[PDB]
Amino acid sequence: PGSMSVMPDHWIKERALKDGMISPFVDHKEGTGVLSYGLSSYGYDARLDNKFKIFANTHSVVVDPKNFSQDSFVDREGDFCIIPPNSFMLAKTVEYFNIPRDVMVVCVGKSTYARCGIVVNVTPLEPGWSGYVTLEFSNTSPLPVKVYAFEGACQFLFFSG
Amino acid sequence: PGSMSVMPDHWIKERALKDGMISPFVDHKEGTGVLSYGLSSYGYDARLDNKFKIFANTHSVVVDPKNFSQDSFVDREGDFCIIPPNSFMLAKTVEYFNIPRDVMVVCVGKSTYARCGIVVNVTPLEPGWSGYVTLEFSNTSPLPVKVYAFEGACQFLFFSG
Amino acid sequence: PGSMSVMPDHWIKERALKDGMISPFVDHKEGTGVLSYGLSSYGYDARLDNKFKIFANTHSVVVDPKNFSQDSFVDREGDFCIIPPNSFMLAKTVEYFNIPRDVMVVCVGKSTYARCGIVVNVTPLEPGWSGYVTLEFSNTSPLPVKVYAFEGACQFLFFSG
Amino acid sequence: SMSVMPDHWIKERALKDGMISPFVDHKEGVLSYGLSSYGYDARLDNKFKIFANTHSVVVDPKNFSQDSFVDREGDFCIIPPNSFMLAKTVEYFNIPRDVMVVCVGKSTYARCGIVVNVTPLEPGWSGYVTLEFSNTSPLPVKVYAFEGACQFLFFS
Amino acid sequence: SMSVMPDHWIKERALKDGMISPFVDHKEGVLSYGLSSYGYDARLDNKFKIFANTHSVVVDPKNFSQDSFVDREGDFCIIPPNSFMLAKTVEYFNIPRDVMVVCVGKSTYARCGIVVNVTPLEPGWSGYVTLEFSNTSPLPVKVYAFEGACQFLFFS
Amino acid sequence: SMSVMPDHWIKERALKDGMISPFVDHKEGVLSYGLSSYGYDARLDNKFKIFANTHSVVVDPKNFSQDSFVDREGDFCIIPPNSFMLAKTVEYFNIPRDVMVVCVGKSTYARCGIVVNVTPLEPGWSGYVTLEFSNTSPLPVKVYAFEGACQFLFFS
């Protein structure tokens with residue numbers, strides 16, 4: 001019922017504060033440097049957490065999306081991760097999301113990472129979705145690219161009725 | 001005339017049934033496993049068909065988007081396709097689409113494939129568009145990735161006035 | 001204030017002509033061949049300019065998105081650029097954009113390039129944004145892919161209240 | 001105990017024992033072929049097998065699959081970057097029970113990142129030699145049929 | 001001045017001087033090992049170091065890092081495409097002050113794009129040999145523990 | 001018929017016939033250079049050509065293009081993964097009409113996936129040798145100017 005439109009900061013704020021839609025929540029741009037996080041005019045800039053899965057071809061397995069394999073990737077924890085060229089990383093947002101039955105959320109990159117060849121490949125969060133978001137960062141450059149824990153990594157755009 | 005918003009399941013259903021917008025059409029989630037297909041709350045989960053074009057550098061041609069070449073790819077038919085690492089595949093949806101003059105359609109991936117490094121690179125279907133949709137699956141991982149014919153492969157989101 | 005929807009050609013035209021939102025501006029489809037440019041029913045097809053940055057691993061530097069390096073790329077100028085396989089290019093639009101405080105702009109590819117494995121990785125233009133848009137074209141195919149200066153390269157979709 | 005034989009010994013064995021066929025007693029032709037001071041430059045034939053990852057198989061050396069490569073026939077072959085090619089020598093060899101033959105590349109190809117990966121021909125071996133050209137450069141590289149492709153060094 | 005020695009000389013040195021241990025005086029077994037007419041086919045042991053770019057380090061040959069590779073132990077190893085592997089010979093070698101030893105690949109592996117990149121063993125060298133297998137093909141390739149992997153040629 | 005010559009013969013030819021210049025009669029220095037028991041370890045000079053696919057050209061060995069590589073000068077070079085480099089020896093060589101010279105890698109580099117792809121120097125050849133280093137590892141690898149880079153083995 002009701003078609004959906006991109007919702008503004010004040011709506012995102014109310015849903016965060018009253019309905020627990022985003023937590024932790026900062027109601028303004030925060031953090032030092034170009035990778036800021038927090039509420040934006042028409043979205044929310046989420047942060048990368050510090051646990052990464054870096055994929056590599058070391059074990060020569062065909063990946064089956066129906067059956068995850070531990071040998072596709074190596075676990076790293078730290079203040080940054082380097083994504084090897086032409087590979088990808090999985091990591092979680094710092095923010096936990098609780099998406100209402102009334103809302104669908106789209107994920108976009110930050111230009112700071114996109115202009116380095118990093119493609120954020122995160123499919124939409126469906127109504128009712130609950131969790132830390134698993135960010136997938138594909139490094140499409142032929143060079144290793146550094147990404148920063150606890151800093152802005154993507155923007156979520158909220159569609160609602 | 002009139003700006004466009006993301007349309008709900010019941011609108012998608014009416015357009016499918018009365019205007020032939022999607023065919024074949026299933027008005028609910030169907031199919032076994034995680035790669036289900038059919039109508040969703042705010043979109044339609046389409047299926048991969050069983051004919052794939054897998055790209056490879058075997059013939060050393062510079063690809064010219066104005067002049068397609070048969071030597072860029074190899075044809076495969078079957079119940080699954082394996083996308084070689086750091087390459088891509090073209091395949092068609094099972095569903096045929098007839099998009100009204102009143103509608104634009106955006107294509108997104110399914111998280112089951114996205115978390116394996118598969119980027120769906122399908123540009124929007126313009127008003128009046130008619131056809132099976134050509135799905136482009138870019139494998140951004142350094143490992144081969146298996147994709148499944150006749151199962152869900154992407155979601156279409158319908159924007160209308 | 002006010003949620004946002006995808007705006008039609010006539011709105012894009014008025015903003016271009018009265019508010020300088022897009023310049024130069026062509027109010028219809030122009031140009032020879034499949035890579036046309038200009039106004040579309042629900043967006044604007046922008047053109048690639050003739051200055052490209054092609055990335056390569058020649059100097060073995062870890063890319064730091066906080067600190068751009070000249071050794072990550074080589075400058076090319078001409079009527080076309082070839083994107084090496086599994087790499088990317090940065091180039092600017094011909095069009096200059098002035099995005100109102102009231103508007104957010106999303107960037108999508110053209111199917112002519114997408115079906116060759118080219119992923120356009122351009123994050124949204126925020127309200128108030130002003131500039132030529134830096135296009136990032138990731139070549140996800142294992143073959144070099146030719147892109148054409150002064151012809152259509154992407155579509156911008158305008159969201160407003 | 002075996003040493004590298006001179007041209008005159010390769011000449012005698014090629015003519016009197018059909019060690020190399022066809023045989024040319026001098027450089028003919030950057031991609032010359034035929035008798036050298038201390039070896040023999042053989043020619044690339046025009047049938048190639050170009051390797052690619054299209055079918056996502058683990059290559060088993062004990063069970064080598066057709067889907068690992070594509071067949072090509074022509075005056076030249078382009079080897080994809082970071083891949084390899086298999087092809088045969090134009091020349092047929094009859095290596096005596098007496099001799100071992102080592103294979104090296106030509107500088108013209110090596111300079112382009114082409115590594116010839118051809119293991120020694122053991123005493124008594126007979127056949128067209130399978131040349132393996134590994135392209136170690138990040139660019140595709142062109143190789144020429146009917147022209148010099150490697151040198152064999154004859155130990156006896 | 002040094003020439004390639006025959007089987008009988010390798011036999012004598014392996015038994016009377018423990019040049020190769022363990023030693024087998026004939027081909028045992030496509031992946032045979034042991035004494036050949038003019039050399040010795042050594043066996044791959046079952047411990048492997050597989051290289052990968054996971055940690056984004058520039059390899060310094062003077063300061064080689066553990067994070068460049070992953071350890072694997074088993075009856076076989078799969079070498080990732082366009083990468084390499086390090087492993088040791090099953091055999092122990094005691095190269096006399098007298099001798100230099102060159103290492104070549106076996107045709108069964110070379111044919112699959114595997115280049116053996118093993119530099120000569122200098123006079124007086126003692127040890128298990130570090131084999132370096134470079135996979136120049138765009139496909140992963142399987143290699144077999146406890147079976148033939150290269151040939152050594154003994155110069156004296 | 002030609003065998004691998006000892007140090008004393010390389011010493012005599014380097015001094016009395018200017019076969020190698022400059023010449024050092026012993027190992028100086030993991031990356032030593034100079035006279036070895038059965039060969040000569042030459043040094044990498046400090047000018048490099050690093051190959052990359054930036055300009056999307058098919059390399060023609062008969063018509064080699066400047067846009068295939070980038071020039072670099074320095075105390076070291078980093079070879080991109082799965083690519084190669086060209087550089088010259090510090091040493092100048094005057095190979096007599098009498099001699100053939102084979103080039104092998106040093107274990108310190110080979111162990112890192114660096115394959116030296118240098119074809120034999122034919123009798124009568126004169127020049128600085130073009131070294132071709134192919135990086136077969138998935139990681140960039142550092143190489144050092146003015147230090148040992150390969151060994152030449154002299155056959156006469």
# chains A, B, ... in the order shown; residues from 1 in each chain; ligands from 1
$ interface_residues --of "chain B" --to "chain A" --cutoff "8 Å" --atoms "only C-alpha atoms" --output "VMD selection string"
chain B and resid 5 to 8 10 34 82 86 108 to 117 119 140 to 147
$ write_last_selection --atoms "C-alpha atoms" --output "tab-separated table (two decimals), in the first residue's frame"
chain	number	residue	atom	x	y	z
B	5	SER	CA	7.92	6.51	-6.77
B	6	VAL	CA	8.65	2.84	-5.99
B	7	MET	CA	5.46	0.89	-6.48
B	8	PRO	CA	4.05	-1.84	-4.23
B	10	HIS	CA	-0.41	-4.96	-5.51
B	34	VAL	CA	17.40	-19.15	-0.75
B	82	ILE	CA	30.29	-20.95	-13.32
B	86	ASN	CA	37.28	-11.40	-12.48
B	108	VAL	CA	19.19	-4.95	-8.07
B	109	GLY	CA	20.94	-8.08	-6.95
B	110	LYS	CA	20.03	-10.70	-4.40
B	111	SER	CA	22.17	-10.72	-1.32
B	112	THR	CA	22.91	-14.43	-1.78
B	113	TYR	CA	24.93	-13.55	-4.93
B	114	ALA	CA	26.18	-10.12	-3.85
B	115	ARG	CA	27.93	-11.47	-0.78
B	116	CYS	CA	29.92	-13.74	-3.16
B	117	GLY	CA	31.24	-10.74	-5.12
B	119	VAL	CA	27.67	-7.42	-9.11
B	140	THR	CA	34.47	-9.37	-8.74
B	141	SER	CA	35.97	-12.17	-6.70
B	142	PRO	CA	39.25	-13.90	-7.42
B	143	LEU	CA	37.43	-17.28	-7.34
B	144	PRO	CA	34.93	-18.88	-9.82
B	145	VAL	CA	31.35	-18.43	-8.69
B	146	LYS	CA	28.41	-20.76	-9.45
B	147	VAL	CA	24.99	-19.23	-10.57
$ closest_atom_pairs --of "chain E" --to "chain C" --cutoff "10 Å" --atoms "only C-alpha atoms" --output "JSON lines"
{"residue": "E:56", "atom": "CA", "partner": "C:62", "partner_atom": "CA", "distance": 7.8}
{"residue": "E:57", "atom": "CA", "partner": "C:62", "partner_atom": "CA", "distance": 9.1}
{"residue": "E:58", "atom": "CA", "partner": "C:60", "partner_atom": "CA", "distance": 7.8}
$ calpha_fit_and_write --fixed "chain E" --moving "chain F" --output "PDB file with C-alpha atoms, in the first residue's frame"
ATOM      1  CA  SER F   1      85.565 -28.385 -16.939  1.00  0.00           C
ATOM      2  CA  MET F   2      82.218 -30.090 -16.415  1.00  0.00           C
ATOM      3  CA  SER F   3      79.980 -32.474 -18.428  1.00  0.00           C
ATOM      4  CA  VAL F   4      76.610 -34.182 -17.834  1.00  0.00           C
ATOM      5  CA  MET F   5      77.225 -37.485 -16.081  1.00  0.00           C
ATOM      6  CA  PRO F   6      75.499 -40.787 -16.956  1.00  0.00           C
ATOM      7  CA  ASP F   7      73.285 -42.941 -14.720  1.00  0.00           C
ATOM      8  CA  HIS F   8      76.202 -45.252 -13.646  1.00  0.00           C
ATOM      9  CA  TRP F   9      78.137 -42.284 -12.182  1.00  0.00           C
ATOM     10  CA  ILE F  10      75.036 -40.964 -10.326  1.00  0.00           C
ATOM     11  CA  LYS F  11      74.506 -44.570  -9.095  1.00  0.00           C
ATOM     12  CA  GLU F  12      78.050 -44.829  -7.686  1.00  0.00           C
ATOM     13  CA  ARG F  13      77.921 -41.414  -5.986  1.00  0.00           C
ATOM     14  CA  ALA F  14      74.459 -42.015  -4.522  1.00  0.00           C
ATOM     15  CA  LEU F  15      75.556 -45.353  -2.966  1.00  0.00           C
ATOM     16  CA  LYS F  16      79.294 -44.836  -2.206  1.00  0.00           C
ATOM     17  CA  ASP F  17      79.014 -41.082  -1.276  1.00  0.00           C
ATOM     18  CA  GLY F  18      75.362 -40.664  -0.179  1.00  0.00           C
ATOM     19  CA  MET F  19      74.859 -37.976  -2.832  1.00  0.00           C
ATOM     20  CA  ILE F  20      71.104 -38.761  -3.065  1.00  0.00           C
ATOM     21  CA  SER F  21      69.015 -40.276  -0.250  1.00  0.00           C
ATOM     22  CA  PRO F  22      66.804 -42.233  -0.547  1.00  0.00           C
ATOM     23  CA  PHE F  23      68.012 -43.581  -3.893  1.00  0.00           C
ATOM     24  CA  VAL F  24      66.256 -45.806  -6.445  1.00  0.00           C
ATOM     25  CA  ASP F  25      68.279 -47.125  -9.401  1.00  0.00           C
ATOM     26  CA  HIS F  26      65.409 -47.128 -11.941  1.00  0.00           C
ATOM     27  CA  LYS F  27      62.144 -45.438 -12.948  1.00  0.00           C
ATOM     28  CA  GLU F  28      59.369 -46.360 -10.484  1.00  0.00           C
ATOM     29  CA  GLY F  29      55.705 -45.438 -11.035  1.00  0.00           C
ATOM     30  CA  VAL F  30      53.245 -40.353 -16.087  1.00  0.00           C
ATOM     31  CA  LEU F  31      55.055 -39.169 -12.855  1.00  0.00           C
ATOM     32  CA  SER F  32      57.905 -41.579 -12.443  1.00  0.00           C
ATOM     33  CA  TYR F  33      60.835 -40.995 -10.093  1.00  0.00           C
ATOM     34  CA  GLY F  34      64.341 -42.387  -9.688  1.00  0.00           C
ATOM     35  CA  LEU F  35      67.394 -42.945 -11.838  1.00  0.00           C
ATOM     36  CA  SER F  36      67.146 -41.880 -15.461  1.00  0.00           C
ATOM     37  CA  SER F  37      69.686 -42.392 -18.310  1.00  0.00           C
ATOM     38  CA  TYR F  38      71.309 -39.020 -17.683  1.00  0.00           C
ATOM     39  CA  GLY F  39      69.857 -37.686 -14.446  1.00  0.00           C
ATOM     40  CA  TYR F  40      67.697 -38.212 -11.412  1.00  0.00           C
ATOM     41  CA  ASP F  41      63.955 -37.629 -11.058  1.00  0.00           C
ATOM     42  CA  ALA F  42      63.238 -36.449  -7.531  1.00  0.00           C
ATOM     43  CA  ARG F  43      59.932 -36.594  -5.680  1.00  0.00           C
ATOM     44  CA  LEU F  44      57.748 -33.834  -4.340  1.00  0.00           C
ATOM     45  CA  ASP F  45      57.310 -34.004  -0.590  1.00  0.00           C
ATOM     46  CA  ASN F  46      53.866 -33.266   0.876  1.00  0.00           C
ATOM     47  CA  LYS F  47      54.403 -29.836   2.478  1.00  0.00           C
ATOM     48  CA  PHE F  48      53.567 -26.823   0.388  1.00  0.00           C
ATOM     49  CA  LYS F  49      53.648 -23.069   0.651  1.00  0.00           C
ATOM     50  CA  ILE F  50      51.048 -21.529  -1.639  1.00  0.00           C
ATOM     51  CA  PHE F  51      51.487 -17.856  -2.485  1.00  0.00           C
ATOM     52  CA  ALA F  52      48.656 -15.309  -2.489  1.00  0.00           C
ATOM     53  CA  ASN F  53      48.161 -11.524  -2.466  1.00  0.00           C
ATOM     54  CA  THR F  54      45.833 -11.547   0.540  1.00  0.00           C
ATOM     55  CA  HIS F  55      47.982  -9.325   2.697  1.00  0.00           C
ATOM     56  CA  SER F  56      49.128  -6.784   0.075  1.00  0.00           C
ATOM     57  CA  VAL F  57      52.862  -6.852   0.933  1.00  0.00           C
ATOM     58  CA  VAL F  58      55.716  -6.065  -1.445  1.00  0.00           C
ATOM     59  CA  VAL F  59      57.874  -9.178  -1.249  1.00  0.00           C
ATOM     60  CA  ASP F  60      61.412  -8.261  -0.170  1.00  0.00           C
ATOM     61  CA  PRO F  61      63.780 -11.071  -1.131  1.00  0.00           C
ATOM     62  CA  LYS F  62      66.120  -9.987   1.709  1.00  0.00           C
ATOM     63  CA  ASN F  63      63.346 -10.118   4.293  1.00  0.00           C
ATOM     64  CA  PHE F  64      60.815 -12.717   3.180  1.00  0.00           C
ATOM     65  CA  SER F  65      57.439 -12.468   4.970  1.00  0.00           C
ATOM     66  CA  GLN F  66      55.258 -15.279   6.358  1.00  0.00           C
ATOM     67  CA  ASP F  67      52.119 -13.401   5.173  1.00  0.00           C
ATOM     68  CA  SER F  68      53.018 -13.949   1.508  1.00  0.00           C
ATOM     69  CA  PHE F  69      51.918 -17.577   1.588  1.00  0.00           C
ATOM     70  CA  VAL F  70      49.745 -20.235   3.245  1.00  0.00           C
ATOM     71  CA  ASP F  71      51.028 -23.619   4.496  1.00  0.00           C
ATOM     72  CA  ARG F  72      49.367 -26.745   3.200  1.00  0.00           C
ATOM     73  CA  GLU F  73      50.067 -30.414   3.828  1.00  0.00           C
ATOM     74  CA  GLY F  74      48.537 -33.280   1.805  1.00  0.00           C
ATOM     75  CA  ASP F  75      48.754 -35.903  -0.925  1.00  0.00           C
ATOM     76  CA  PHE F  76      48.430 -33.123  -3.546  1.00  0.00           C
ATOM     77  CA  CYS F  77      48.519 -29.397  -3.894  1.00  0.00           C
ATOM     78  CA  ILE F  78      46.516 -27.161  -6.193  1.00  0.00           C
ATOM     79  CA  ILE F  79      48.573 -24.189  -7.375  1.00  0.00           C
ATOM     80  CA  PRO F  80      46.375 -21.104  -7.926  1.00  0.00           C
ATOM     81  CA  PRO F  81      46.435 -19.764 -11.459  1.00  0.00           C
ATOM     82  CA  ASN F  82      49.227 -17.248 -12.096  1.00  0.00           C
ATOM     83  CA  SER F  83      50.879 -17.985  -8.744  1.00  0.00           C
ATOM     84  CA  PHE F  84      53.462 -20.314  -7.396  1.00  0.00           C
ATOM     85  CA  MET F  85      54.299 -22.803  -4.752  1.00  0.00           C
ATOM     86  CA  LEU F  86      57.343 -23.781  -2.727  1.00  0.00           C
ATOM     87  CA  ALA F  87      57.954 -27.359  -1.611  1.00  0.00           C
ATOM     88  CA  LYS F  88      60.857 -29.637  -0.794  1.00  0.00           C
ATOM     89  CA  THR F  89      62.149 -32.760  -2.422  1.00  0.00           C
ATOM     90  CA  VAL F  90      61.610 -35.971  -0.580  1.00  0.00           C
ATOM     91  CA  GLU F  91      65.248 -36.718  -1.394  1.00  0.00           C
ATOM     92  CA  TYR F  92      68.209 -35.363   0.586  1.00  0.00           C
ATOM     93  CA  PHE F  93      71.238 -34.318  -1.448  1.00  0.00           C
ATOM     94  CA  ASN F  94      74.971 -34.188  -0.631  1.00  0.00           C
ATOM     95  CA  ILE F  95      76.550 -32.476  -3.606  1.00  0.00           C
ATOM     96  CA  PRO F  96      80.303 -33.103  -3.609  1.00  0.00           C
ATOM     97  CA  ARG F  97      82.847 -30.232  -3.814  1.00  0.00           C
ATOM     98  CA  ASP F  98      83.222 -31.728  -7.253  1.00  0.00           C
ATOM     99  CA  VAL F  99      79.782 -31.275  -8.820  1.00  0.00           C
ATOM    100  CA  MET F 100      77.097 -28.756  -9.942  1.00  0.00           C
ATOM    101  CA  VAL F 101      73.458 -29.790 -10.336  1.00  0.00           C
ATOM    102  CA  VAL F 102      70.890 -28.262 -12.695  1.00  0.00           C
ATOM    103  CA  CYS F 103      67.150 -28.855 -12.250  1.00  0.00           C
ATOM    104  CA  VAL F 104      64.605 -29.246 -15.035  1.00  0.00           C
ATOM    105  CA  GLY F 105      60.864 -29.919 -15.069  1.00  0.00           C
ATOM    106  CA  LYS F 106      58.972 -33.046 -16.120  1.00  0.00           C
ATOM    107  CA  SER F 107      57.042 -32.841 -19.375  1.00  0.00           C
ATOM    108  CA  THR F 108      53.773 -33.885 -17.681  1.00  0.00           C
ATOM    109  CA  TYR F 109      53.803 -30.681 -15.587  1.00  0.00           C
ATOM    110  CA  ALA F 110      55.452 -28.353 -18.128  1.00  0.00           C
ATOM    111  CA  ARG F 111      52.692 -29.196 -20.625  1.00  0.00           C
ATOM    112  CA  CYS F 112      50.222 -27.693 -18.099  1.00  0.00           C
ATOM    113  CA  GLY F 113      52.084 -24.418 -17.787  1.00  0.00           C
ATOM    114  CA  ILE F 114      54.085 -25.348 -14.668  1.00  0.00           C
ATOM    115  CA  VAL F 115      57.573 -23.874 -14.786  1.00  0.00           C
ATOM    116  CA  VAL F 116      60.124 -25.316 -12.348  1.00  0.00           C
ATOM    117  CA  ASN F 117      62.306 -22.389 -11.243  1.00  0.00           C
ATOM    118  CA  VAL F 118      65.108 -24.057  -9.361  1.00  0.00           C
ATOM    119  CA  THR F 119      68.568 -22.552  -9.605  1.00  0.00           C
ATOM    120  CA  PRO F 120      71.678 -24.755  -9.715  1.00  0.00           C
ATOM    121  CA  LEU F 121      72.981 -26.569  -6.655  1.00  0.00           C
ATOM    122  CA  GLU F 122      76.559 -25.383  -6.194  1.00  0.00           C
ATOM    123  CA  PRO F 123      79.485 -27.694  -5.328  1.00  0.00           C
ATOM    124  CA  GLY F 124      79.400 -28.801  -1.704  1.00  0.00           C
ATOM    125  CA  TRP F 125      75.747 -28.003  -1.133  1.00  0.00           C
ATOM    126  CA  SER F 126      73.834 -30.298   1.248  1.00  0.00           C
ATOM    127  CA  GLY F 127      70.013 -30.386   1.890  1.00  0.00           C
ATOM    128  CA  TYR F 128      66.471 -31.078   0.706  1.00  0.00           C
ATOM    129  CA  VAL F 129      65.983 -28.990  -2.420  1.00  0.00           C
ATOM    130  CA  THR F 130      63.439 -26.163  -2.389  1.00  0.00           C
ATOM    131  CA  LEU F 131      61.304 -26.663  -5.512  1.00  0.00           C
ATOM    132  CA  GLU F 132      59.590 -23.607  -6.859  1.00  0.00           C
ATOM    133  CA  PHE F 133      56.620 -24.404  -9.166  1.00  0.00           C
ATOM    134  CA  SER F 134      55.316 -21.408 -11.052  1.00  0.00           C
ATOM    135  CA  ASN F 135      51.830 -21.859 -12.469  1.00  0.00           C
ATOM    136  CA  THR F 136      51.818 -19.789 -15.685  1.00  0.00           C
ATOM    137  CA  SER F 137      48.377 -20.937 -16.749  1.00  0.00           C
ATOM    138  CA  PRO F 138      45.136 -19.070 -16.113  1.00  0.00           C
ATOM    139  CA  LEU F 139      43.742 -22.242 -14.414  1.00  0.00           C
ATOM    140  CA  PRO F 140      44.644 -23.842 -11.092  1.00  0.00           C
ATOM    141  CA  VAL F 141      46.810 -26.904 -11.590  1.00  0.00           C
ATOM    142  CA  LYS F 142      47.126 -30.000  -9.407  1.00  0.00           C
ATOM    143  CA  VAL F 143      50.525 -31.407  -8.320  1.00  0.00           C
ATOM    144  CA  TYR F 144      51.124 -34.745  -6.634  1.00  0.00           C
ATOM    145  CA  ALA F 145      53.051 -35.473  -3.452  1.00  0.00           C
ATOM    146  CA  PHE F 146      55.405 -38.492  -3.387  1.00  0.00           C
ATOM    147  CA  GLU F 147      55.640 -38.688  -7.149  1.00  0.00           C
ATOM    148  CA  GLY F 148      58.193 -37.390  -9.620  1.00  0.00           C
ATOM    149  CA  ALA F 149      58.406 -33.604  -9.910  1.00  0.00           C
ATOM    150  CA  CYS F 150      61.682 -32.650 -11.605  1.00  0.00           C
ATOM    151  CA  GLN F 151      64.917 -34.039 -12.987  1.00  0.00           C
ATOM    152  CA  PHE F 152      68.388 -33.120 -11.743  1.00  0.00           C
ATOM    153  CA  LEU F 153      71.285 -33.191 -14.159  1.00  0.00           C
ATOM    154  CA  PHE F 154      74.700 -33.721 -12.622  1.00  0.00           C
ATOM    155  CA  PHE F 155      77.642 -31.795 -14.092  1.00  0.00           C
ATOM    156  CA  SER F 156      81.225 -32.813 -13.182  1.00  0.00           C
TER     157      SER F 156
END
$ atom_distance --atom1 "atom CA of residue 41 of chain B" --atom2 "atom CA of residue 12 of chain A"
20.9 Å
$ select_by_dssp --residues "segment 25-156 of chain B" --states "helix (DSSP H, G or I)" --output "VMD selection string"
chain B and resid 70 to 72 111 to 114
$ atom_distance --atom1 "atom CA of residue 94 of chain B" --atom2 "atom CA of residue 75 of chain B"
17.1 Å
$ atom_distance --atom1 "atom CA of residue 77 of chain B" --atom2 "atom CA of residue 107 of chain B"
23.4 Å
$ select_by_dssp --residues "segment 34-154 of chain C" --states "strand (DSSP E)" --output "JSON, numbers by chain"
{"C": [38, 39, 40, 43, 44, 45, 46, 47, 48, 49, 50, 51, 52, 53, 54, 55, 73, 74, 75, 76, 77, 80, 81, 82, 83, 87, 88, 89, 90, 91, 92, 93, 94, 95, 96, 97, 98, 103, 104, 105, 106, 107, 108, 109, 118, 119, 120, 130, 131, 132, 133, 134, 135, 136, 137, 138, 139, 145, 146, 147, 148, 152, 153, 154]}
$ residues_around --residues "segment 14-27 of chain C" --least-positions-apart "6" --cutoff "6 Å" --atoms "only C-alpha atoms" --output "ChimeraX atom specification"
/C:38-39,95-99
$ write_last_selection --atoms "N, CA and C atoms" --output "short mmCIF file (atom, residue, chain, number, x, y, z; two decimals), in the first residue's frame"
data_model
loop_
_atom_site.label_atom_id
_atom_site.label_comp_id
_atom_site.auth_asym_id
_atom_site.auth_seq_id
_atom_site.Cartn_x
_atom_site.Cartn_y
_atom_site.Cartn_z
N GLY C 38 21.56 13.70 -24.10
CA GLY C 38 20.53 14.73 -23.99
C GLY C 38 19.39 14.24 -23.09
N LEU C 39 18.30 14.97 -23.12
CA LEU C 39 17.23 14.77 -22.20
C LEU C 39 16.50 13.52 -22.56
N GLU C 95 29.16 17.89 -19.39
CA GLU C 95 28.19 18.75 -18.77
C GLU C 95 28.67 19.21 -17.41
N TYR C 96 28.42 20.49 -17.10
CA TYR C 96 28.62 21.02 -15.78
C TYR C 96 27.26 20.95 -15.06
N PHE C 97 27.25 20.55 -13.80
CA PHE C 97 26.03 20.47 -13.03
C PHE C 97 25.99 21.42 -11.86
N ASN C 98 24.84 22.04 -11.63
CA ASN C 98 24.56 22.81 -10.43
C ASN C 98 23.30 22.26 -9.80
N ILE C 99 23.47 21.47 -8.76
CA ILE C 99 22.35 20.76 -8.18
C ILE C 99 21.76 21.62 -7.09
#
